[PDB]
>>> print(open('structure.tsv').read())   # TSV, C-alpha atoms and all ligand atoms
chain	number	residue	atom	x	y	z
A	43	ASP	CA	-16.42	-15.70	-16.60
A	44	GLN	CA	-13.84	-14.29	-14.24
A	45	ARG	CA	-10.43	-13.81	-16.00
A	46	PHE	CA	-6.91	-13.89	-14.67
A	47	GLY	CA	-6.51	-10.04	-15.06
A	48	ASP	CA	-9.63	-9.33	-12.96
A	49	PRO	CA	-9.03	-8.17	-9.41
A	50	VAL	CA	-9.51	-10.70	-6.60
A	51	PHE	CA	-10.85	-9.82	-3.14
A	52	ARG	CA	-10.18	-11.37	0.27
A	53	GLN	CA	-11.98	-10.28	3.41
A	54	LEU	CA	-9.33	-9.82	6.13
A	55	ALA	CA	-11.59	-8.43	8.83
A	56	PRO	CA	-15.19	-7.46	9.11
A	57	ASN	CA	-14.47	-4.04	7.60
A	58	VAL	CA	-11.22	-4.72	5.66
A	59	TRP	CA	-10.67	-6.40	2.31
A	60	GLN	CA	-7.48	-6.98	0.30
A	61	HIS	CA	-7.59	-6.26	-3.44
A	62	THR	CA	-5.17	-8.19	-5.67
A	63	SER	CA	-4.53	-7.47	-9.28
A	64	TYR	CA	-1.93	-8.94	-11.71
A	65	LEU	CA	0.10	-6.51	-13.98
A	66	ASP	CA	2.81	-6.67	-16.70
A	67	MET	CA	6.27	-5.09	-16.32
A	68	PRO	CA	7.53	-5.38	-19.91
A	69	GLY	CA	10.36	-7.90	-20.60
A	70	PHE	CA	9.68	-9.25	-17.08
A	71	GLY	CA	7.28	-11.36	-15.03
A	72	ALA	CA	3.61	-10.46	-15.07
A	73	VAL	CA	3.10	-9.91	-11.30
A	74	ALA	CA	0.55	-9.35	-8.52
A	75	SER	CA	-0.05	-6.25	-6.39
A	76	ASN	CA	-2.16	-5.90	-3.26
A	77	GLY	CA	-3.95	-2.95	-1.64
A	78	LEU	CA	-6.78	-2.48	0.93
A	79	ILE	CA	-10.46	-1.45	1.01
A	80	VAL	CA	-11.68	-0.31	4.48
A	81	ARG	CA	-15.27	0.27	5.57
A	82	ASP	CA	-15.54	3.14	8.01
A	83	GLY	CA	-19.22	3.65	8.82
A	84	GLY	CA	-20.91	5.29	5.88
A	85	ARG	CA	-17.93	5.42	3.64
A	86	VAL	CA	-15.11	3.41	2.14
A	87	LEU	CA	-11.38	4.32	2.28
A	88	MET	CA	-8.73	2.81	0.02
A	89	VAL	CA	-5.05	2.10	0.27
A	90	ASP	CA	-3.32	1.93	-3.12
A	91	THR	CA	-4.63	1.54	-6.60
A	92	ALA	CA	-4.19	-1.41	-8.94
A	93	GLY	CA	-1.44	-1.31	-11.53
A	94	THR	CA	-3.78	0.02	-14.19
A	95	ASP	CA	-6.73	2.37	-14.35
A	96	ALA	CA	-8.87	-0.44	-15.87
A	97	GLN	CA	-8.23	-2.72	-12.93
A	98	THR	CA	-8.75	0.14	-10.51
A	99	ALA	CA	-12.13	0.83	-12.08
A	100	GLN	CA	-13.01	-2.89	-11.68
A	101	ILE	CA	-12.13	-2.48	-7.99
A	102	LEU	CA	-14.45	0.55	-7.66
A	103	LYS	CA	-17.21	-1.51	-9.41
A	104	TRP	CA	-16.80	-4.27	-6.92
A	105	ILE	CA	-17.01	-1.85	-4.08
A	106	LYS	CA	-20.18	-0.40	-5.57
A	107	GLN	CA	-21.63	-3.92	-6.04
A	108	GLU	CA	-20.58	-5.50	-2.78
A	109	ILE	CA	-20.45	-2.62	-0.29
A	110	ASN	CA	-22.39	0.15	-1.96
A	111	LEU	CA	-20.87	3.04	-0.01
A	112	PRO	CA	-19.00	6.00	-1.51
A	113	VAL	CA	-15.22	5.89	-1.55
A	114	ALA	CA	-14.33	9.01	0.33
A	115	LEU	CA	-10.51	8.95	-0.10
A	116	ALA	CA	-7.46	6.88	-1.04
A	117	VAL	CA	-3.93	6.91	0.34
A	118	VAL	CA	-1.26	5.66	-2.08
A	119	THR	CA	1.96	4.43	-0.68
A	120	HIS	CA	4.65	5.42	-3.22
A	121	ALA	CA	5.16	6.67	-6.79
A	122	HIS	CA	5.36	3.39	-8.66
A	123	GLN	CA	2.97	1.96	-11.23
A	124	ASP	CA	1.65	-0.86	-9.02
A	125	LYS	CA	0.51	1.61	-6.35
A	126	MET	CA	-0.42	4.72	-8.38
A	127	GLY	CA	-1.22	3.35	-11.75
A	128	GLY	CA	-4.91	3.92	-11.25
A	129	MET	CA	-4.99	7.51	-10.16
A	130	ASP	CA	-6.98	8.71	-13.13
A	131	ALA	CA	-9.63	6.13	-12.34
A	132	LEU	CA	-9.81	7.42	-8.73
A	133	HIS	CA	-10.05	11.06	-9.85
A	134	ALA	CA	-12.72	10.24	-12.48
A	135	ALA	CA	-14.70	8.71	-9.65
A	136	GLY	CA	-14.44	11.85	-7.48
A	137	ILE	CA	-12.25	10.19	-4.86
A	138	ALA	CA	-9.91	12.45	-2.90
A	139	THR	CA	-6.34	11.19	-3.10
A	140	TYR	CA	-3.40	11.55	-0.76
A	141	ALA	CA	0.29	10.57	-0.93
A	142	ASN	CA	3.57	11.53	0.66
A	143	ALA	CA	4.55	14.97	-0.61
A	144	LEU	CA	7.75	13.27	-1.85
A	145	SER	CA	5.59	10.76	-3.87
A	146	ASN	CA	3.80	13.68	-5.52
A	147	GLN	CA	7.13	15.30	-6.29
A	148	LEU	CA	8.46	12.04	-7.80
A	149	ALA	CA	5.27	11.20	-9.69
A	150	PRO	CA	6.12	13.01	-12.98
A	151	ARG	CA	9.56	11.26	-12.91
A	152	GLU	CA	8.01	7.89	-12.37
A	153	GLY	CA	5.25	8.41	-15.03
A	154	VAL	CA	2.33	8.27	-12.60
A	155	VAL	CA	-0.29	10.89	-11.97
A	156	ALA	CA	0.23	12.77	-8.66
A	157	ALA	CA	-2.32	12.64	-5.85
A	158	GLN	CA	-4.43	15.74	-5.17
A	159	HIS	CA	-3.15	16.15	-1.65
A	160	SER	CA	0.28	15.85	0.03
A	161	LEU	CA	1.01	14.20	3.35
A	162	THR	CA	3.90	15.43	5.50
A	163	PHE	CA	5.52	13.71	8.41
A	164	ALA	CA	7.02	14.52	11.77
A	165	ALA	CA	10.60	13.45	12.61
A	166	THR	CA	9.01	10.50	14.44
A	167	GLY	CA	7.63	9.27	11.12
A	168	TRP	CA	3.96	9.88	12.06
A	169	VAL	CA	1.84	11.79	9.62
A	170	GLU	CA	1.05	15.46	10.41
A	171	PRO	CA	-2.63	15.46	11.28
A	172	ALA	CA	-3.41	18.60	9.39
A	173	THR	CA	-2.41	16.88	6.19
A	174	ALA	CA	-4.46	13.70	6.89
A	175	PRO	CA	-7.93	14.92	8.00
A	176	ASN	CA	-10.82	12.54	8.49
A	177	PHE	CA	-8.68	9.45	7.77
A	178	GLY	CA	-10.80	7.38	10.20
A	179	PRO	CA	-9.00	4.28	11.20
A	180	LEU	CA	-6.06	4.82	8.76
A	181	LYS	CA	-2.91	5.60	10.68
A	182	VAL	CA	-0.19	6.66	8.27
A	183	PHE	CA	3.52	6.25	9.10
A	184	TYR	CA	6.62	7.07	7.05
A	185	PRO	CA	9.24	4.63	8.16
A	186	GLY	CA	12.16	6.13	6.29
A	187	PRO	CA	13.68	5.11	2.95
A	188	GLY	CA	13.58	1.42	2.03
A	189	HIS	CA	12.03	0.01	-1.09
A	190	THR	CA	11.93	3.61	-2.29
A	191	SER	CA	12.75	6.98	-0.73
A	192	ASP	CA	9.06	7.89	-0.43
A	193	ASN	CA	7.46	4.59	0.71
A	194	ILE	CA	4.72	4.95	3.41
A	195	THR	CA	2.78	2.48	5.56
A	196	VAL	CA	-0.69	2.36	7.02
A	197	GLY	CA	-2.06	0.81	10.23
A	198	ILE	CA	-5.78	0.05	10.48
A	199	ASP	CA	-7.19	0.97	13.91
A	200	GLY	CA	-9.71	-1.45	15.39
A	201	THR	CA	-8.10	-4.36	13.62
A	202	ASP	CA	-5.09	-6.56	13.80
A	203	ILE	CA	-3.81	-5.26	10.44
A	204	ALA	CA	-0.92	-3.06	9.23
A	205	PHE	CA	-0.04	-2.50	5.58
A	206	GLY	CA	3.63	-2.35	4.71
A	207	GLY	CA	3.20	-1.96	0.98
A	208	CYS	CA	6.27	-2.89	-1.11
A	209	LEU	CA	8.57	-2.36	1.87
A	210	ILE	CA	7.65	-5.73	3.45
A	211	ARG	CA	8.30	-9.20	2.01
A	212	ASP	CA	6.77	-12.35	3.46
A	213	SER	CA	8.50	-14.70	5.88
A	214	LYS	CA	9.47	-17.20	3.09
A	215	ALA	CA	10.74	-14.66	0.58
A	216	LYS	CA	14.31	-15.04	-0.67
A	217	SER	CA	14.84	-11.51	-1.89
A	218	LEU	CA	13.79	-7.89	-1.22
A	219	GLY	CA	12.87	-7.59	-4.88
A	220	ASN	CA	14.12	-4.93	-7.20
A	221	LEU	CA	16.60	-2.61	-5.42
A	222	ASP	CA	17.22	-0.11	-8.25
A	223	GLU	CA	15.46	2.62	-6.30
A	224	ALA	CA	16.04	1.26	-2.79
A	225	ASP	CA	17.98	2.86	-0.01
A	226	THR	CA	20.08	-0.13	0.86
A	227	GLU	CA	21.70	1.53	3.87
A	228	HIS	CA	18.40	2.47	5.59
A	229	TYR	CA	16.09	-0.37	4.44
A	230	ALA	CA	16.61	-2.52	7.57
A	231	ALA	CA	16.05	0.28	10.03
A	232	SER	CA	12.96	1.46	8.14
A	233	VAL	CA	11.49	-2.05	8.28
A	234	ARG	CA	12.13	-2.06	12.04
A	235	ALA	CA	10.56	1.42	12.34
A	236	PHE	CA	7.43	0.04	10.70
A	237	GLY	CA	7.20	-2.86	13.03
A	238	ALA	CA	7.75	-0.60	16.08
A	239	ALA	CA	5.04	1.87	14.81
A	240	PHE	CA	2.34	-0.83	14.69
A	241	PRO	CA	3.17	-3.16	17.61
A	242	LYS	CA	-0.51	-4.33	17.74
A	243	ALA	CA	-0.62	-5.54	14.18
A	244	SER	CA	-0.55	-9.38	14.03
A	245	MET	CA	-1.54	-9.50	10.39
A	246	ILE	CA	0.97	-7.89	8.06
A	247	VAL	CA	-0.33	-7.03	4.61
A	248	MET	CA	2.11	-6.19	1.80
A	249	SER	CA	2.07	-5.60	-1.87
A	250	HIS	CA	3.54	-8.73	-3.50
A	251	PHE	CA	2.80	-11.54	-1.00
A	252	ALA	CA	-0.31	-12.74	0.80
A	253	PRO	CA	-0.82	-11.56	4.36
A	254	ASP	CA	1.56	-12.99	6.95
A	255	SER	CA	2.51	-12.79	10.59
A	256	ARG	CA	4.99	-10.40	12.17
A	257	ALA	CA	7.70	-12.80	11.12
A	258	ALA	CA	7.47	-11.04	7.70
A	259	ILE	CA	8.83	-7.99	9.37
A	260	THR	CA	11.71	-9.70	11.18
A	261	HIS	CA	12.56	-11.67	8.03
A	262	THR	CA	12.56	-8.66	5.74
A	263	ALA	CA	14.73	-6.73	8.17
A	264	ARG	CA	17.28	-9.57	8.53
A	265	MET	CA	17.45	-9.76	4.67
A	266	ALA	CA	18.03	-5.99	4.54
A	267	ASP	CA	20.71	-6.18	7.16
A	268	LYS	CA	22.82	-8.08	4.63
A	269	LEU	CA	22.81	-5.04	2.28
A	270	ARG	CA	24.75	-2.83	4.69
B	1	MG	MG	-3.85	4.71	-17.10
B	2	MG	MG	11.33	4.44	-11.29
B	3	ZN	ZN	7.48	0.09	-5.68
B	4	ZN	ZN	5.52	-2.94	-5.56
>>> encode(input="structure.tsv", output="structure tokens")
Amino acid sequence: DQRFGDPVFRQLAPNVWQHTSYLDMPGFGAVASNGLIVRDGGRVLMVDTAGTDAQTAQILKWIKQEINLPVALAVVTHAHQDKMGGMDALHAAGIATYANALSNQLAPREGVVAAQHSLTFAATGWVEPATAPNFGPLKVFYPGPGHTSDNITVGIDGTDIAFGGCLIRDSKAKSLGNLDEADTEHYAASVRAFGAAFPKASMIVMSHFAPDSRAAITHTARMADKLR
């Protein structure tokens, strides 16, 4: 029988699925985290792990069962447990991993395993292509500091989808979440930078809410404005 801890999958587009897994921050709510699985021809690409290696391995099993293509690479969007808690599982599987250089630098401080490869960014926020080879339809953008100093975002070419990770909250959210590591001065402008980077995206995917419209962007920014 399927259990509450087992990842759940939602097909967002013909070649894109959301993974959702529930984790436990001690003393706090047990809570859900989303990432993406993208089919690009003969391979699969991932955005973020689950919050644990066990759940990440259950994700890779699903991919094997349901898609049966090799996972060529994963991009992870910041050095927090919900996004990088399954790096060992990825590495055990032979999956090449990539994160903001800054995420890799912060990883030991945040108790996550670093990715194998570092992404760097132009002053525009767009990833340097030499650091993101063969990413297929993944278009990586660093919007500036928000939820964390290192948070990155990923557009999916050939679809209506952009992934804001933990930077973006849905259009009915009442809070930006935990701000202990947030850049409260720049959060609003980074949210806006994200929305300007992926003007085509009509479906906004994020870590802790189900997918929403672009109103999630405007709403998160207008919440952030109140922190300055
Ligand atoms: Mg582990
Ligand atoms: Mg921390
Ligand atoms: Zn986070
Ligand atoms: Zn998060």
>>> closest_atom_pairs(input="structure.tsv", of="stretch 146-170 of chain A", to="stretch 89-107 of chain A", cutoff="12 Å", atoms="only C-alpha atoms", output="tab-separated table")
residue	atom	partner	partner_atom	distance
A:154	CA	A:93	CA	10.4
A:155	CA	A:95	CA	10.9
A:157	CA	A:90	CA	11.1
>>> write_last_selection(input="structure.tsv", atoms="C-alpha atoms", output="PDB file, in the frame of the given file")
ATOM      1  CA  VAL A 154       2.330   8.270 -12.600  1.00  0.00           C
ATOM      2  CA  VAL A 155      -0.290  10.890 -11.970  1.00  0.00           C
ATOM      3  CA  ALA A 157      -2.320  12.640  -5.850  1.00  0.00           C
TER       4      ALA A 157
END
>>> residues_near_ligand(input="structure.tsv", ligand="ligand ZN 3 (chain B)", cutoff="9 Å", atoms="all atoms listed in the file", output="number ranges by chain")
A: 119-125, 189-190, 193, 207-209, 220, 223, 249
>>> closest_residue(input="structure.tsv", among="A:111, A:88, A:127, A:230", to="residue A:66", atoms="all atoms listed in the file")
A:127
>>> closest_residue(input="structure.tsv", among="A:134, A:264, A:182, A:145", to="ligand MG 1 (chain B)", atoms="all atoms listed in the file")
A:134
>>> closest_residue(input="structure.tsv", among="A:118, A:109, A:72, A:126", to="ligand MG 1 (chain B)", atoms="all atoms listed in the file")
A:126
>>> atom_distance(input="structure.tsv", atom1="atom CA of residue A:267", atom2="atom CA of residue A:197")
24.0 Å
>>> atom_distance(input="structure.tsv", atom1="atom CA of residue A:129", atom2="atom MG of ligand MG 2 (chain B)")
16.6 Å
>>> closest_residue(input="structure.tsv", among="A:133, A:85, A:263, A:48", to="ligand MG 1 (chain B)", atoms="only C-alpha atoms and all ligand atoms")
A:133
>>> atom_distance(input="structure.tsv", atom1="atom CA of residue A:224", atom2="atom CA of residue A:191")
6.9 Å
>>> decode(input="structure.tsv", residues="stretch 142-215 of chain A", atoms="C-alpha atoms", output="PDB file, in the first residue's frame")
ATOM      1  CA  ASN A 142      25.160  27.306  -7.801  1.00  0.00           C
ATOM      2  CA  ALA A 143      28.819  27.554  -6.833  1.00  0.00           C
ATOM      3  CA  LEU A 144      27.566  29.448  -3.756  1.00  0.00           C
ATOM      4  CA  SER A 145      25.302  26.429  -2.858  1.00  0.00           C
ATOM      5  CA  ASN A 146      28.331  24.147  -3.026  1.00  0.00           C
ATOM      6  CA  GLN A 147      30.273  26.553  -0.835  1.00  0.00           C
ATOM      7  CA  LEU A 148      27.409  26.689   1.705  1.00  0.00           C
ATOM      8  CA  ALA A 149      26.694  22.955   1.625  1.00  0.00           C
ATOM      9  CA  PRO A 150      29.079  21.909   4.454  1.00  0.00           C
ATOM     10  CA  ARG A 151      27.571  24.728   6.614  1.00  0.00           C
ATOM     11  CA  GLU A 152      24.069  23.608   5.910  1.00  0.00           C
ATOM     12  CA  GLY A 153      24.853  19.855   6.450  1.00  0.00           C
ATOM     13  CA  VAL A 154      24.110  18.773   2.888  1.00  0.00           C
ATOM     14  CA  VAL A 155      26.411  17.053   0.462  1.00  0.00           C
ATOM     15  CA  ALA A 156      27.737  19.402  -2.278  1.00  0.00           C
ATOM     16  CA  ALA A 157      26.968  18.840  -5.947  1.00  0.00           C
ATOM     17  CA  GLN A 158      29.761  17.590  -8.220  1.00  0.00           C
ATOM     18  CA  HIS A 159      29.658  20.625 -10.458  1.00  0.00           C
ATOM     19  CA  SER A 160      29.303  24.392  -9.871  1.00  0.00           C
ATOM     20  CA  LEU A 161      27.159  26.780 -11.872  1.00  0.00           C
ATOM     21  CA  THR A 162      28.196  30.428 -12.248  1.00  0.00           C
ATOM     22  CA  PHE A 163      26.119  33.317 -13.411  1.00  0.00           C
ATOM     23  CA  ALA A 164      26.440  36.454 -15.464  1.00  0.00           C
ATOM     24  CA  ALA A 165      25.484  39.852 -13.981  1.00  0.00           C
ATOM     25  CA  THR A 166      22.169  39.434 -15.826  1.00  0.00           C
ATOM     26  CA  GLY A 167      21.431  36.393 -13.672  1.00  0.00           C
ATOM     27  CA  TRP A 168      21.638  33.887 -16.575  1.00  0.00           C
ATOM     28  CA  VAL A 169      23.789  30.848 -16.101  1.00  0.00           C
ATOM     29  CA  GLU A 170      27.211  30.784 -17.829  1.00  0.00           C
ATOM     30  CA  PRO A 171      26.826  28.211 -20.569  1.00  0.00           C
ATOM     31  CA  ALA A 172      30.188  26.642 -20.015  1.00  0.00           C
ATOM     32  CA  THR A 173      29.100  25.625 -16.555  1.00  0.00           C
ATOM     33  CA  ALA A 174      25.715  24.176 -17.694  1.00  0.00           C
ATOM     34  CA  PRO A 175      26.509  21.967 -20.731  1.00  0.00           C
ATOM     35  CA  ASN A 176      23.891  19.740 -22.316  1.00  0.00           C
ATOM     36  CA  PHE A 177      21.114  20.991 -20.004  1.00  0.00           C
ATOM     37  CA  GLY A 178      18.529  20.496 -22.786  1.00  0.00           C
ATOM     38  CA  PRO A 179      15.428  22.420 -22.056  1.00  0.00           C
ATOM     39  CA  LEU A 180      16.562  23.530 -18.538  1.00  0.00           C
ATOM     40  CA  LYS A 181      17.216  27.248 -18.499  1.00  0.00           C
ATOM     41  CA  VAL A 182      18.835  28.209 -15.221  1.00  0.00           C
ATOM     42  CA  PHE A 183      18.539  31.733 -13.767  1.00  0.00           C
ATOM     43  CA  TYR A 184      19.885  33.204 -10.527  1.00  0.00           C
ATOM     44  CA  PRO A 185      17.469  35.895  -9.556  1.00  0.00           C
ATOM     45  CA  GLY A 186      19.457  37.341  -6.682  1.00  0.00           C
ATOM     46  CA  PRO A 187      19.114  36.710  -2.945  1.00  0.00           C
ATOM     47  CA  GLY A 188      15.636  35.963  -1.597  1.00  0.00           C
ATOM     48  CA  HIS A 189      14.677  32.886   0.338  1.00  0.00           C
ATOM     49  CA  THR A 190      18.407  32.289   0.624  1.00  0.00           C
ATOM     50  CA  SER A 191      21.511  33.970  -0.781  1.00  0.00           C
ATOM     51  CA  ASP A 192      22.116  31.110  -3.228  1.00  0.00           C
ATOM     52  CA  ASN A 193      18.577  30.275  -4.467  1.00  0.00           C
ATOM     53  CA  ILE A 194      18.299  29.519  -8.241  1.00  0.00           C
ATOM     54  CA  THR A 195      15.381  29.000 -10.630  1.00  0.00           C
ATOM     55  CA  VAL A 196      14.788  26.922 -13.714  1.00  0.00           C
ATOM     56  CA  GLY A 197      12.637  27.501 -16.818  1.00  0.00           C
ATOM     57  CA  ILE A 198      11.599  24.523 -18.946  1.00  0.00           C
ATOM     58  CA  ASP A 199      11.838  25.291 -22.681  1.00  0.00           C
ATOM     59  CA  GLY A 200       9.038  23.927 -24.847  1.00  0.00           C
ATOM     60  CA  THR A 201       6.587  24.156 -22.003  1.00  0.00           C
ATOM     61  CA  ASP A 202       4.581  26.673 -20.097  1.00  0.00           C
ATOM     62  CA  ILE A 203       6.515  25.918 -16.883  1.00  0.00           C
ATOM     63  CA  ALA A 204       9.072  27.738 -14.694  1.00  0.00           C
ATOM     64  CA  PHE A 205      10.299  26.466 -11.324  1.00  0.00           C
ATOM     65  CA  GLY A 206      10.831  29.038  -8.616  1.00  0.00           C
ATOM     66  CA  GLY A 207      11.814  26.627  -5.885  1.00  0.00           C
ATOM     67  CA  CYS A 208      11.446  27.980  -2.321  1.00  0.00           C
ATOM     68  CA  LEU A 209      11.618  31.566  -3.571  1.00  0.00           C
ATOM     69  CA  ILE A 210       7.978  31.537  -4.770  1.00  0.00           C
ATOM     70  CA  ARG A 211       4.850  31.135  -2.631  1.00  0.00           C
ATOM     71  CA  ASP A 212       1.409  30.543  -4.094  1.00  0.00           C
ATOM     72  CA  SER A 213      -1.204  33.233  -4.698  1.00  0.00           C
ATOM     73  CA  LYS A 214      -3.124  32.382  -1.447  1.00  0.00           C
ATOM     74  CA  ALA A 215      -0.120  32.149   0.846  1.00  0.00           C
TER      75      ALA A 215
END
